[PDB]
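By convention in this document, chain letters (A, B, ...) are assigned in the order of the sequence lines, proteins followed by strands, and residues within each chain are numbered from 1. Read the numbers this way: they start at 1 and go in the same order the structure lists the ligands and their atoms.
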Amino acid sequence: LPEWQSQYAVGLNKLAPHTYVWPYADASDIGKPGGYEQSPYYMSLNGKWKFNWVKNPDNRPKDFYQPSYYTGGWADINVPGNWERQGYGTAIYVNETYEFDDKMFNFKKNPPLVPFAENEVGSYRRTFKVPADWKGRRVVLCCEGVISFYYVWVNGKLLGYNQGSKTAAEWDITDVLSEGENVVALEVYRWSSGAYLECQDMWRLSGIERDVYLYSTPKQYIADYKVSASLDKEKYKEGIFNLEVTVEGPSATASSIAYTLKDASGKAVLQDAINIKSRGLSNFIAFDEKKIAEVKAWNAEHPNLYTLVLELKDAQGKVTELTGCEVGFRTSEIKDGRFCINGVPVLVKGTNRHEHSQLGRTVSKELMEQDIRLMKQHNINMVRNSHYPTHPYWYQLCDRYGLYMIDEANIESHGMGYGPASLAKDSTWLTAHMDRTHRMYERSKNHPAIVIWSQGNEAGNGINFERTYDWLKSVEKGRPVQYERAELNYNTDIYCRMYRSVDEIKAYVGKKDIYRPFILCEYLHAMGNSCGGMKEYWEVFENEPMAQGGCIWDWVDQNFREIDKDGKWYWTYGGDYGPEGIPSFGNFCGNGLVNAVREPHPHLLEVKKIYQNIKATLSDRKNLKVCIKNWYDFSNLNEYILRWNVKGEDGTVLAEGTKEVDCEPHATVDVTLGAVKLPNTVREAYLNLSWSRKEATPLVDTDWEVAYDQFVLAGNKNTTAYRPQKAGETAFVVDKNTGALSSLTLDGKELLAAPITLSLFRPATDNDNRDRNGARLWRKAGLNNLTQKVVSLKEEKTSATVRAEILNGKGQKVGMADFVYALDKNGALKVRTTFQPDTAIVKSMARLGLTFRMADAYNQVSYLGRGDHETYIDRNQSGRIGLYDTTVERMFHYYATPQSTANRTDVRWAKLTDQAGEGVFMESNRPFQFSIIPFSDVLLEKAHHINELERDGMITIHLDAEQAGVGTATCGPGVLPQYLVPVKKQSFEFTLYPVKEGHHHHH
Amino acid sequence: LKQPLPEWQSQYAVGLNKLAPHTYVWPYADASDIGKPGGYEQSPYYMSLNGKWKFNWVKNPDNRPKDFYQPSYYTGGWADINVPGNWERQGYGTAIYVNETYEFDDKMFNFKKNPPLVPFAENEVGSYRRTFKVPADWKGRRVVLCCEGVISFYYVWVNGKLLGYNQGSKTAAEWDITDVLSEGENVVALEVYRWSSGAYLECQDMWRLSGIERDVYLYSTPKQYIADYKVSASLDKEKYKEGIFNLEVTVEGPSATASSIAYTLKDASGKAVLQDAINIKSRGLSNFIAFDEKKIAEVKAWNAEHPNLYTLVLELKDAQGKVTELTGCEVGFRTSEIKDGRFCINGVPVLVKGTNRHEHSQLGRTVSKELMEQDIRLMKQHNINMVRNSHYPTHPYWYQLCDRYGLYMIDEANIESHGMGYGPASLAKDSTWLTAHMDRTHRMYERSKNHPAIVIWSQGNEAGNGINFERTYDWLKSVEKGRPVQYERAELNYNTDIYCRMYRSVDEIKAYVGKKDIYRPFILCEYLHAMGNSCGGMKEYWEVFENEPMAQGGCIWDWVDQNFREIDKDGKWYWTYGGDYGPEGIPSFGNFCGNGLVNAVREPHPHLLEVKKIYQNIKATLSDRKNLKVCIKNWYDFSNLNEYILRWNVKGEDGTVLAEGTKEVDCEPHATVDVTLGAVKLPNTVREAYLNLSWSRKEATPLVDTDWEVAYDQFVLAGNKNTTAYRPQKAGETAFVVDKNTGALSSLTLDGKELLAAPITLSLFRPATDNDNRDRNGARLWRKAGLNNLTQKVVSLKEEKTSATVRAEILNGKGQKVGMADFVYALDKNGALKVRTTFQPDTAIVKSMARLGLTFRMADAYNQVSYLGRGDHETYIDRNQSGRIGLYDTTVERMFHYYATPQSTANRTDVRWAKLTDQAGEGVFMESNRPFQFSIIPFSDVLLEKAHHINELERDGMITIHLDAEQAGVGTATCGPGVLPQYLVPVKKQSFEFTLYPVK
Ligand SMILES: [Cl-]
Ligand SMILES: [Cl-]
Ligand SMILES: [Mg+2]
Ligand SMILES: [Mg+2]
Ligand code: NA
Ligand code: NA
Ligand code: NA
Ligand code: NA
């Protein structure tokens, strides 16, 4: 059997794992992320390559690696980038299973074997020329990442092969190179034994995923080096620098290796050198430990970096090679049961992140930069490399801009399960587990941003992880090592059990003799309209010293954008490619805080608010005394500016100011703002607090709001100076059969496009579809197919009382409702509703309120209530109560799977008008919720893809006295009890005011 | 109609509020960038707007988002599209390819042509919009929006304010947006229509696409700016040595104080050779400054061979002499005229070795600098000295490249109304379309009037003749005194300074030149149609061009194939053409969009190599074959042969170099020089030897290094006709079997091992090339006679121990009688099998034949091909001046050329012998009694013929062999002359033989 059918054949003739040692000509580029690519000793091989794709190995062009073989008849392929995103094969998205374990491929899972006839082969080949200056030097071929398995040849000679798609494979091709035109070929296989360990919940793709390049060094070169830059454990102020270097290659004469540690300024702070001479082919050099008093420490808030410059020299002292990396002084450890950075316990405010773009697993520098920019802007301080090491550029960015990292080994055998068949318990797979672990470690061991090593993901627990854990502990004395499937067994330094509820977190921290902190590997599943219940999670994290937070599951949605025959775009997910029957797990690949093109979803804004590091509470309402808590770990509040004000419900600034508060990290401080005169013309005022940074960073300028808060101040509950004036004569008609308000006119003009009815359903969010108290129960009760049947109707000159039965499409009695429509002297229509559900049929409701439709011409929306964005009761700490203007089209968020959206909470009043200024003012007798969308609930619920959405000329209005929160049931807890809609007799009202504001012309 | 139809339905609404056509006046900060192609893009006064734009597409204008141009309009829910780039190549609409018709004139769109109207409900609307910020250093300056090219029609808005609209997709449309710009975020929007009245003048034989095709950008100048300027870099008409410099400049905008305009013409080293300055100050917002004529003695002249360029630096200065604006262009001193009935550059009559060129890439009409550089590089490498901008002005960069690398250009106005015809309804005769014609002509001229590479102005293409074209001709004449103006449809009427009638045959060329009172040279606007396996008969064309003073060549039709590359469900790629996109019934003219010398990704077709050989500027003839004295003609117009190196050698048929050397020769342009290489003894072990000549230049060019072969020739030298030293040795015991029914050689064995996968039969057909499918003597007759469905039937058979004689009837699929065949199979003492054949066709049924030879198949394992013959590229009898005879090694796969439409390929001419073996070295050696032709392909003849797309080609494990005693040329019948008489297979009785030697 071929090598790709063996779990043992992880590689052949490759260079031993090591830290990146790119040779530089200019030491100045070492501090520049990706600067090594501009070195004259570096040559990219990215670009166009001849390509051929075939299903079944027996049909492949076997001799294509021979230089003489003709490829001129082949097409070109872009390298890097998965081939499925370039017109070949089929992209498949499955979760806990292996895509090849399906009848479509006539194959059943059976490690280490994978399908033969069904396997796919992508043959890559391109020509290249070595620079003249590389004459006589050593040349190395580096493939940063190729998925699944591949053999590689240079000028017809087989270099070897590789398994392990997320870390680089390298080969010394010096003795195989020729003068002039050279040839490099890779024969890539979609599946291989290694695939059993790459069962991550993500798109299963193929091809060369990352950069392919050449780099040149002298015959004796710097092959690897280990940095240790910590602090003294007593006061965490003195830097402790330790360095070890490995030189390899033959050398008959003497030589030496010297190093210089420079500060950002350029001044050398540490320097040393050792002489070497040996007939052997490798030299291990251990430098004397050095100290730096008052060293500039590295942390997420202040990513101070020193530059390490290594130089290999001749016996004459001439520099033959120069290389290096950035160095950050800090400590990472679990002290007294708590995770601490530089001796300071820190709250982990993170997110998981997969590498994803429209090209597939390939991610550009621009996208990597945008990811980290958005992360910092949204108060995220930690990233977990979602189940595999990332492109080296990512680590460089985190070092530079300050972001903690949980680097992770490319190991996930979810498909084999956690039972006795788990590959974690199969010793024949130790080679594969250890290989991936060694590669993860050696390549990134010197990055200060990495604070935690993760052994892998849901690959089971047993001997293999006990061994890779032991190995990691033997080489790493400055970073905790964790693994979620080890749960509470010895082989994990942090308890990171994923998706546990608040109660389960409390249960853990309240257990006797625990010695490790609880930091969720994954929590708050952000699929679709989600992230509800975040507040409950953080009230615990902020109160329990050994419950330090976690990483939100997924930063960016794994969707691809396609355009249909009518030019309508949509996001794609499982099952959207290939013939019927193709393995699929649907829309579960989109779980991000932002969409595939990095546009934030509304819930990311909730995350920004909950993750902010400056939190205040109102201590004294009359004199406005606030208690500020500084949640930064290494920054004083005086590094930020407080910009406050007080505004009436009408939006006028009643008072304002600017302060600079001094406060130690983790300390609280009181700041009195002073009483404010509230007019009798406002029912309430709002104390607004907004913070920004004095000094800008390259990712966040001085205008960005880093944290904010709001407190509601009571005013004149009796004033009505907000209500609009009478616009004219208002009239209403009641349907004699449904009892619903079928007509509402203003001087004869009809305002309704659909009648006002009782609404109890909501087009299911993805969480609603899995929540124990969600859509399953709403659809079972038939709450989405409601009908009203009058049993009593008493009309009057200006009012009408009615009792009607609420029936589902089955005829069953969902409940009983009473409506009282009365017309006020001001022309305003008050609508009181009293609903009594039949608890024997209705086990849960999505909302309780009224719904109707209007022409889509009424697109101008204005409202007094919570924020500029979408919020729900269990996700509304974010935003601000205030006056907002927008449009219906603007409020609609395009979730991959069309679902409920555009909700606004803590609403006092909402208003909708057309270009001419005509419309309606809507309010209740207490804060309510509302949503206006450009589609019908019917179509929104039915649609599973964006492109199915179609307008019909009407907008849909929902006025809610009650509406459930969203939870995170797609994976983890559903909506908490206190956010579920009560299923009991309830009464509520809404008053509609017709309005005529006129047509205002302006720029 | 209560309301008028929208602007896009009127031939008069060509533009609104746009800048008057002018030469590019990009403001620079670093004069050093003027002489650099595309340099202006690096200026701090230039800001590109290319990139990601919000996009929305709809069929039916009534369905478009009307208020999208308003900044407050929300586009967050829209997708993004790349700008520039036709939208059909970005997943929107339907790419359509039609030739002489309007794609909207079809039942599918419920519309019939009716100028100036285009469909309404079926029209497409592409809504583009993006945000942008203005550079802080642009505060107070004039800012201009420039759209280099958008197709069919579009409205443009900035910050919600309608700037105007435009018709004319191949020249820039600009607007002064200074007054509508605002601090902070600005918004620019374009509402583009697939069809508009202007489309009636954009009926070129090319893909019909939509959207923003070229760069969109902003540039800023001060309030008083350099609006336009006209350069005239000529030479005296008596000696053509003294350069004459003239320059006019137009300055627009206000200015309270005094100002002045100055210029400095610098040579390549940066030294000033001319300079002057004029003062100006007016209450008028427009000032015209014409400088005094200056002269340069022995000025460095510009031409395709030596494109010496000067740099014109213009500076607008304050009252204090402070520069307010810097700009300029490259200057090339030369004259272009029709002198004594002959086209002459700098007083010299030049042969036009050109090609037509459309702008094409996988993104559509949009072409990258990388592709433009490749185009020009390949052109120069293959000895092309002229390029015709195939029916529309190109992107500015193309002209800059031609100025710098030396390539003559025929710029052409974006005017073609082929769909309306040349009759009474021709838009060239409808006076209401004058504005449309004149607007496009003005724009073509103003934008490029200063490029030295442009030597001829063309008014358009296949748009009829009449009042409109006579008017535009007269206009160009009133403004241009240094360039000939031509129009092919004007034929021989007054409005054209050059007779460029397309696709005329050799006789027609001779007939014109021999006509009384002609006063204009004949230079084909288009000729030698290069569609599929084409370009036959090129030699006959150039024998005339080289010997007829007033027949000076022309431009081959199409540089590059207009095909797109797609990938099918099985991962097999293929070239697409008309009808490959959209629903059944979509307008289409099939594979006629691919007529290039190179494929869409610029890979050369075999015929470009013939072009290179015929267009070469150094040609020799063997005058004395004893002392090897050759006569060399220098065809360059401005270069002495001493700028080149001649590497020569004599090689025997066995490939051993018998003599070799290197020589430098002096020879003025158009002159000839004799060179003696000396007698060379030939061993009696070779039947012949070849005198090889190869030239390369002494000094490199950025595009052509010193290793590049710029010209070559070969002469066959007689050797010992009786030697058999070359023959392979007996490898074993040979045996054969003759089929009792067909009389075919059904078995050939070596020591009992079968070598044939299919019997050896008589072959008279060939999978049709695109030309064969239209040739008067092509595949229509071959298929009508059923030559592609032949069966042999023995009527007589007589067998001896080592030989067999048979006579058989050749019947088509309809039992008819194609002819009578006689075969004689005989084995040599050394195991060789001699196959003698005599064919007598029945001229009543066979009116034409593709070839006359044998055919059979072998396992694909036999992939090693070797041969002695005209080698290292595909050739045919009417296309084999290129390449040389010699020993060549290759594989079957390497010989198959992938023509968009699968057709015959891989043929080799002047073959002495061919050999085919497997890796182990086992196979068969093949020869005749005289030079022959052969082809070996990895597909069957049946499938190759049937296949219309490359992905339909499928291997069956067998390769197909063809040994031809005769095979027709390929001609250019797809459009123009079919195969010439002397290259048709004679339809008569003929005998021929082939001998097969099994090898091991
Ligand atoms: Cl890996
Ligand atoms: Cl134009
Ligand atoms: Mg999993
Ligand atoms: Mg035409
Ligand atoms: Na998922
Ligand atoms: Na839905
Ligand atoms: Na054509
Ligand atoms: Na064909």
Side-chain angles (χ1 to χ4, degrees), chain A residues 93-96 199-203 352 354 356 386-387 412 414 457-458 498-499 522 525-530 553-559 570 573-574 584-592 761-766 768-770 775 779 784 894-901 933 935-949 968 970-972, chain B residues 14-15 18 21 147-153 166-173 196 198-199 201-202 204 213-214 365 389 391-395 411-416 436-448 460:
Chain A
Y93 164 62
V94 288
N95 180 10
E96 314 187 352
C199 198
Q200 288 87 348
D201 180 10
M202 62 178 188
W203 284 96
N352 280 270
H354 260 95
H356 179 82
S386 292
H387 328 323
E412 172 153 4
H414 208 158
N457 194 65
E458 41 198 15
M498 56 174 66
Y499 305 103
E522 296 170 42
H525 202 251
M527 181 165 152
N529 191 330
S530 198
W553 175 255
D554 259 302
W555 171 241
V556 55
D557 291 314
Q558 290 180 63
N559 294 306
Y570 58 109
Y573 45 72
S584 167
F585 197 57
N587 61 352
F588 276 87
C589 56
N591 313 319
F761 182 75
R762 85 174 169 195
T765 64
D766 299 321
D768 289 328
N769 283 160
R770 272 198 172 191
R779 286 189 288 255
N784 62 309
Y894 290 93
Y895 289 110
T897 308
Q899 59 197 84
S900 284
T901 174
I933 64 171
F935 304 108
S936 67
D937 279 2
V938 179
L939 168 51
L940 186 60
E941 166 57 20
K942 184 180 179 299
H944 290 341
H945 283 84
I946 301 296
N947 65 315
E948 288 178 286
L949 292 174
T968 56
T970 43
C971 185
Chain B
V14 302
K18 305 193 299 164
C147 300
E148 293 282 26
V150 183
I151 177 166
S152 226
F153 177 99
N166 170 89
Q167 282 193 51
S169 66
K170 304 287 183 282
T171 54
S196 75
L201 299 187
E202 296 185 18
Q204 292 84 354
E213 307 190 311
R214 294 179 184 166
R365 193 58 31 63
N389 291 338
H391 334 324
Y392 54 73
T394 59
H395 182 287
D411 199 25
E412 200 163 69
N414 182 25
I415 305 177
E416 171 152 6
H437 285 72
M438 188 68 68
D439 180 58
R440 286 152 190 272
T441 303
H442 274 194
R443 292 161 64 168
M444 173 203 75
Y445 178 76
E446 303 298 358
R447 80 197 285 278
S448 303

| A:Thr765 side chain to A:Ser900 main-chain N or O, any donor-acceptor pair under 3.5 Å? | no
**Study point:** NZ/NE/NH1/NH2 to OD/OE distance under 4.0 Å, A:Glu941 and A:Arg779
**Key:** yes
- request: Return yes when at least one N/O/S atom of A:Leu940 is nearer than 3.0 Å to the Na ion (ligand 6), and no when none is.
  value: yes
Parallel, tilted or perpendicular: which fits the ring planes of A:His525 and A:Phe588, with parallel below 30° and perpendicular above 60°?
tilted
Is any N, O or S atom of A:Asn591 under 3.0 Å away from the Na ion (ligand 5)? yes
*So, is A:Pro898 placed with an N/O/S atom under 3.0 Å from the Na ion (ligand 6), counting both backbone and side chain?*
yes
Looking at A:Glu941, the N, O or S atom sitting nearest the Na ion (ligand 6) is O
- Has A:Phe585 got an N, O or S atom lying less than 3.0 Å from the Na ion (ligand 5)? no
TODO: Check the angle between the aromatic planes of A:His354 and A:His387 and answer parallel, tilted or perpendicular using the 30° and 60° thresholds.
DONE: perpendicular
| said: Whether the side chain of B:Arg214 engages the backbone of B:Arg365 through a donor-acceptor N/O pair (distance < 3.5 Å, no angle test) should be reported. | reply: no
Does any part of the side chain of B:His437, heavy atoms only, come nearer than 4.5 Å to the side chain of B:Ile415, both counted from C-beta?
yes
Query raised in the report: For the Na ion (ligand 6), does an N/O/S atom of A:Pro763 lie at less than 3.0 Å?
Result: no
*Could you confirm whether A:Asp201 has any N/O/S atom lying under 3.0 Å from the Na ion (ligand 5)?*
yes
